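Okay, so the first sequence: first residue is 1 according to the UniProt record's numbering, each after it adds one.
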Amino acid sequence: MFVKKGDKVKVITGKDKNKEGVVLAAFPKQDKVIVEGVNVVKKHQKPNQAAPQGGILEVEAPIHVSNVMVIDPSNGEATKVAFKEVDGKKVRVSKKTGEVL
RNA sequence: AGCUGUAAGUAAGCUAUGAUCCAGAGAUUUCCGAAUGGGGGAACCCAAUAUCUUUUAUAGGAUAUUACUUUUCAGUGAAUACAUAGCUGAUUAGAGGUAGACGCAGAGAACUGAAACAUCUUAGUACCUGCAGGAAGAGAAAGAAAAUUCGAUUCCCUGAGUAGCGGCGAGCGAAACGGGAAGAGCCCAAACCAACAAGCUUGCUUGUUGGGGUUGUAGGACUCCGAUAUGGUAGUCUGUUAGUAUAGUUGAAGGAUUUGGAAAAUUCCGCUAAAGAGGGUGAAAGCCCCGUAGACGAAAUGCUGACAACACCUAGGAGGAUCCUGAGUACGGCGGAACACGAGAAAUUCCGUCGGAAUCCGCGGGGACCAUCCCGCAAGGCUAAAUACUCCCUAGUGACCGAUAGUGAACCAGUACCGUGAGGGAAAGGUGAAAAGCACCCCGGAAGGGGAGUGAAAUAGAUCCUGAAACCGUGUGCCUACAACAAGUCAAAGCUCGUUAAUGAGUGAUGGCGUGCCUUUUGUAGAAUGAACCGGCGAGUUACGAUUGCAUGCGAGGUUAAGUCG
RNA sequence: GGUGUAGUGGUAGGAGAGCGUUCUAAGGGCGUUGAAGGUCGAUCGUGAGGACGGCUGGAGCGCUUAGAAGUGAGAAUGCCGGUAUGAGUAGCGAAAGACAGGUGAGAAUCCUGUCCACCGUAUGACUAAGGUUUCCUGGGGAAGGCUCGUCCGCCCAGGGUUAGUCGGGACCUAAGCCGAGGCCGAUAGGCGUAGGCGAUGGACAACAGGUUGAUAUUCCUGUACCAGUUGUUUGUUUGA
RNA sequence: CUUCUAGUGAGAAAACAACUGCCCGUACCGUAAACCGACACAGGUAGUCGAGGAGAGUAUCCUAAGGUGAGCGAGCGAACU
RNA sequence: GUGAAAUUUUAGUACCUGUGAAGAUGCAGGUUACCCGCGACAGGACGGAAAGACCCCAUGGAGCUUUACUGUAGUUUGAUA
C-alpha cells in the first residue's frame, strides 16, 4: 500500500499535521492506517467482558493513507518513494538521494 | 504482508520454510431431470446377473451391467423342404435444451381500408410445426439483349412512384441498361477399355471394382501421330518460427501564508510535461494517492499468419466412317397456384390428374401464334467473399435518465401478494469527515424525556441531508350575541403599530353596489356537466415525400448518390 | 427626434412580437468571509415576469451571445400519494354470573375456591380428509385479540413423534390410464395388441395392564403368534 | 389357497436350544378460533360410539359420564323499531 | 373503553308574492328573525347510490329465421385411372 505496519511516518493533512509516529496497523482495501498517538477519539462504553467498569476511553482512529509520508530511517526527512533494482529483493529505494527504506 | 466472504460479535487458528489474493491446466462432482434396469404424484420406491464384503448363519453393505429405434456381423431359426418372416448376442448413430434474435420450408386468420359489402385489401402478416448454420439461401447461362454486344451468384445507388396490374375502384407496383462493394471455379452419368463372377449361346447378355470423359467456337469416344512435362488447391489436427488473447512490472514535478473542524481555496515564490484523460483524499489538486504518455514481461493453454513436408488436380496437333451427350422426361388437355401481371390477347416457373416426343439433317428461348435471323444446350452434384442478427465477454461513447424518471426490479424482484390453473405482480435510495451511535445522574414498570457529555453543527440521534402544501394545535393586536351575508369591492370613524420611506402597515363599526369556475349551448346563477382538498405526473412529435414564403451560394445553368481514405 | 390628425369592445380563426424552464459551445464571473433550494418583506416593469434585504440551509450556481428541446397545468366520473368532512357518530358478530382470596406498576376480563346457570343422538368420546408445528416446559407484552390484559392458537429460547404383528410398499386385480411391435394421418400427432400402472374392493401373524411435561397394540412387565437360520438330539426310479 | 401329474432333480420328516426380520406414517386440531368460507365469520364437512326417568322411539322435558359460562362493560327503565 | 362509511365548488345556508333555460336558501319588493347546542319527524336541497334499462340515431354489434344474396361440409349421378 506504499506504507507498512511497522514504519515511522509523518502527517500531511488534518489537525495532526507535522506529527510523527510508528504505524500501528494497516487496512488495505479500505486504504487507511492507524498511527500511534494521532487521531485520538473518546468513546462511551458500558461494562462488558473487557473493563467491567466501562468509563470514557480514548484510542486512535484510522486516517486515510494519502494523508501520510514515509521517513528515511537514517536521515530524518520525509520522502517520496521509488522502486529500484537491488539484488532481487526489490525494496522501496527512497527518492532524495537513493537510499533503502 | 497480512488473513479465515456478506458480517457485526466472540472463540479457535494460519502466514516471511511465502498465507490470503490473481491468471493457465488438472482432480473430485450426492439426487432429479432426454433420464435410458422396472415403476412413479420430479428430487422417491422396487429389482436381476456376476465380483467383493458383515455374520457361525440368514437377514445387511459396495462396485459393474441391464430401455427403445437404426446399421453391420455371427448363432439359432420356420406356418413350409430349400429359406424368409421372428429371437438371442456383438457393433453404429439418434434422442433433449436454447439467444423472446437472424435463415429456409409446411400449413395459414381476423378486426381493419374500400367512408355499406361479396372480387379486392389487411397479408402469405400474426400464431403453430419441421430443419438448420455461424451465417443461411442463390450460384457457373437451354441467361441479359438487338448492333458495334456481354459473360456464374449476392448486396447497395439509380432507373421510378415510371412501364404495368386493378368492382380500372380503394389501392398494388417491376426489371434490364448505367455507377459501386466483393470476386473463383469445379465434379459426375453416357459411349469405350480392362480384371473378376453369373448367364458357362463355349454369341457376349447381367453385374463389381479400376481407367477414361465432362461441352455449344459444339464437346467427347474412336483412328493418327507428339509429349510422359508443366501450372495450381476451396487439403492435413504434420514441423519451423512470427505475432496475439488470457496475470503483471516500472513510470516526472511544492513549500510557506490567511480564513476554517478540516484545504485541494486565497497570497507569495518554485518546479514538471512524449504524462494538463479520469477517479479518490476532512471543501475546488499537473506537482498527496490510484492512474495517465512512454518503456518492459508469460511457465501454461488456446487462436491467426508465413514457409516446409506430405496429400491430391491439371497436356498438344489431325481426321470426320461410325457410337455417346441425364424419358414416363420436355410438352399438351383439365383444375389450382407463383411471377408487380386479379384469365386476360397470356409468354415464363411450380403442384395434382390424365395423355405423351426428338437425337446434331437435333433441341429450347427472344411475352398469344407463324416464317426468317440472333442468343443458348434442360430433365445430375458441390462451392469462399461482398449482405442479416446479438443471449454473451472485453474496452469505451452520449447538447440520454437521475428514485412517480431510468429496466417490472438502484434495496435478497419475477420476490411478497392474488388465482384450481394457465397467468397477473408491487412498495421500498441519502446520519456524520470519522460511530466519535449519548459513560454517569434524575422522573418513570417500560416507552419517552431532562441534565451531563461527543461533535464544526444534535432543532445532524437512527421514523436520522434539505424539510413545501393540505390538515391539527398553543399564544396574542384588532372585531363580534336585533342579525338574512357568491363572502368581495368602493366610501369610512375608532383602536394598534412603525416600513425596500412613501400620497405608510394590520383590524375594522357603519353605508352604496354585486347570482362562483369550467364545459356544451339559440340561450345558463342554473333545479343542465365536472371537480373533497393539497402535492407530483399527465396531450400536434419524428422519419420519408410534396408544395408555398423567407434566407444564402452559383447562374443558362444548378447539383452530386452509393462508395474509398479520414 | 417634434408637432398635427385619425384609431385602439371581441367567441371560432389568421398575423406579429416577446416572457420563463433544462441542456450544449464560446467568453467574462461568483462561492464555507456560505451555492442551489425554503420562508418573510411596505420593491421595480405595459404583461408573462425581475431584483435587493433578513432568517433557514450546507456545495454548487449565475450573466452575455448563438444552438437544441420529454419546455409551462385547474378541470379528462384522469393515475399515484398524503390528509380532511360525516364524528367522537353507526357498530363492538345469538347465550348467566356473583363474591372471597392470590399475583402484580396496574385487574369486571389472569390464577385458586365456593355456590349458581347452560348442552347431553350432543356443545360428550374416537377417527378418515384437510392444515402443517398450531403440541410440552420456561420467559415476554411493541404489534395481532373488535374493550382490557399480568393472559393467548401471538412473540423469544429449549424440547418432543420409537412397530416382524396397526395403515401403505417388497401381494391381487375394477373403472380409467400408459402401451414394444402394429394400424392410421400436411406437420404436430390419433388410436390400439402383448404387457403393465391403478383402491374406494380381495388377501394377510398380539394381547391385557403400567409408565412421561409432552409417544405408545410402537417404551416396560407378563404371557403369545408368523416366516427363516444354525446347531444337537437311500435306485430323484420313486415305494423317500 | 388346495389338489393332479409333467418334471431339472444326494436325503428331507421332527424334537429341542438359541439367533435373524427392511422402507414410509405416527406430535396436535379435527360438528372447529387450527379444514372450506379475505375475519378468533349465527353457513358447509364422510364414518363408529352415543347412558337414566316417563315413552313405540335416536321424538319431548329434566338429568348421569363428560364438557361450558361464549373477548366490551356500568346505569336508566322516554318516543320509535 | 374502542372506533368506520356512502357524500363533499367555497359557504356567516329564513318566509311570501314575483322574475328567470318558462317549479329559487343565494336575483327584485316586502315580511319575519338575539348567540350556541341536545332528543325526535321526514316537506325541500329538481336529496345519495347506478355516464336511462323506455324512445331515436351510429351507413354500431351479437344471438336467431327463411321460398333474401353469395358460398360450403355432407349425400348423390356420369367420364377417366
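For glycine and all other residues, C-beta sits at the position ideal for the given N, C-alpha and C.
Open item on the list: Rounded to whole angstroms, what is the Cα-Cα separation between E77 and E60?
Closed with: 24 Å
- [ ] Decide if the stretch 5 to 20 is in contact with the stretch 37 to 49; the criterion is three or more beta carbon pairs, one per stretch, under 8 Å apart.
- [x] yes
Task: Distance CB(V3)-CB(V22) smaller than 8 Å - done: no
Open item on the list: Using 8 Å as the threshold, is the C-beta distance between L101 and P73 below it?
Closed with: With respect to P73, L101 sits close: the two C-beta atoms are nearer than 8 Å.
TODO: Can you check DSSP and say which residues form a bridge with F27?
DONE: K32
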